[PDB]
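S.K.: Provided herewith is a single structure, encoded as structure tokens, for subsequent inquiry.
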Amino acid sequence: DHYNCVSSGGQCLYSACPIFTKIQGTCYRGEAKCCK
């Protein structure tokens, strides 16, 4: 979720994770990705 994304060093994005980064979870009720 958003708070886990913040605290883990990821970024919540509606757009795709940048190429070298990976999905770690989601944010905002499953609608966005947590990328790191």
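Chain A uses Swiss-Prot numbers throughout; the residues present, in order, are 33-68.
Going by what the header records, the deposited coordinates were determined by X-ray crystallography, 1.0 Å.
Note that Cβ sites are derived from N, Cα and C of the backbone, with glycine treated the same way.
As annotated by Swiss-Prot, disulfide bond applies to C37-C66, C44-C59, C49-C67.
Burial and contacts for the listed features, if you can.
M.R.: DSSP assigns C66 (disulfide bond) to a strand in the three-state reduction.
In sequence order, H34, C37, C59, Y60, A64, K65, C66, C67 are the residues of the chain that are 6 or more apart from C44 (disulfide bond) and have a CB within less than 8 Å of its CB. The DSSP secondary structure for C44 (disulfide bond) is strand.
Here the Cβ of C49 (disulfide bond) has 16 other Cβ atoms within 10 Å, regardless of which shown protein chain they belong to.
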S.K.: Over all shown protein chains, what is the count of other CB atoms within 10 A of the CB belonging to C67 (disulfide bond)?
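M.R.: By my count, 19.
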S.K.: Can you check what DSSP calls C59 (disulfide bond), collapsed to helix, strand or coil?
M.R.: strand
S.K.: Helix, strand or coil for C37 (disulfide bond)? Use DSSP.
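M.R.: Helix, per DSSP.
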